[PDB]
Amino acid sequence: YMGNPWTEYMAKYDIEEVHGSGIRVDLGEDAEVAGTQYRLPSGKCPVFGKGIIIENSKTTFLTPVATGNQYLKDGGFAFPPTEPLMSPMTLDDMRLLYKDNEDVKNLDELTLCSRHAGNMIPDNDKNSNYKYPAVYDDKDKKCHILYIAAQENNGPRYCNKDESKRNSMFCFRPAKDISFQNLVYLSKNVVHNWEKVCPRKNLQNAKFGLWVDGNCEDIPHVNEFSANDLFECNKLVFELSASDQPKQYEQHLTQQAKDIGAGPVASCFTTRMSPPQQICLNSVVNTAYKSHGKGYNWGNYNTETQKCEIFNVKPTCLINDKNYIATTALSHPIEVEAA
């Protein structure tokens, strides 16, 4: 074939190319709102099974952000109610909302959710390119626009883990956790044909390799870790994967906040898509480094020896092996299909 026969199938595993941003923490672009610059998610692939854990809270992150006189920790990350309604929104209501937008009405549910989230422009800057990320719940078929685009915050200086301090900034981190298995984390850039060009399911009886001299050889170096099941391996790969989070702390609070993706304060919005329309929150919100996709994004899970083999070089072929399942940080942590 005068070339690597695996090329078409393996294109979706070139995560620098097809995703192009962090996975664990995605903050791969910057956008301005009225002369202030903010970090925001920019990955082109959906991230299956990713949610945000809020430390020492029973409140889940898809809960609306605290508004009005609510305490910060009694809320989550999601858009609060708006007039007219925007989030959360069922797939069916999204299609109705955009029925007269030709280029949007028939998008697949994930791309539609992303475009829906990206419709609102903070009303302080009509020309802003700031677009909020979203989470789609595949079980409920419901799109949640995220008001908070930050994905990790830690350090006693920058958050407070104490449950009795209700209005102090909470600590949080991204995770693949069974409670998030039906969630899909979506940046503003998710491509319309993700079904074809991005990973989703784990590959049964296959392990990643490199195409060398007309044969598929093992990845030259892998890091082998104990992992009891495939889900645990997917979690380990996710934790090691491309990340746009700062590795250190900035002394100044406002600089650290910017660096972790603190965003604009908006109470009203306009729309990118016709018809032009004002959208306002029901209640105002509580007042209280780029990987470009490079990292340890891939794993070969040995189901016999219970070893997660994690590596940071893009794979270019598959090896048939009934003891292996091939995973990526983008992949769903449970779903599998045959190679």
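Throughout, we count residues from 1 along the sequence that is shown.
Unresolved deposited residues lying between neighbours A288 and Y289: Unresolved stretch here: 10 or more residues.
Comparing 122-130 with 226-234, the one whose average Cα B-factor in the PDB entry is higher: The recorded data point to 122-130.
Residue stretch of maximal mean CA temperature factor, 43-51 vs 268-276: Comparing 43-51 with 268-276, the higher average CA B-factor belongs to 268-276.
Which of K201, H221, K196, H116 ranks first by CA B-factor in the deposited coordinates: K196 has the highest C-alpha B-factor of those listed.
Residue with maximal Cα B-factor (values as given in the PDB entry) among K105, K247, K141, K188: By C-alpha B-factor in the record, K105 ranks first.
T316 - which third its CA temperature factor falls in, relative to the rest of the chain: As the PDB entry reports it, the C-alpha B-factor of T316 lands in the middle third of its chain.
Entry-reported Cα temperature factor of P156, expressed as the chain third it lands in: CA B-factor rank for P156: highest third.
Chain-wide C-alpha B factor ranking for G295, given as lowest, middle or highest third: It belongs to the middle third of the chain when residues are ordered by C-alpha B-factor.
Relative C-alpha B-factor of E163, binned into the chain's lowest, middle or highest third: Top third by C-alpha B-factor.
Position of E109 among the chain's modelled residues by C-alpha B-factor, lowest, middle or highest third: Middle third.
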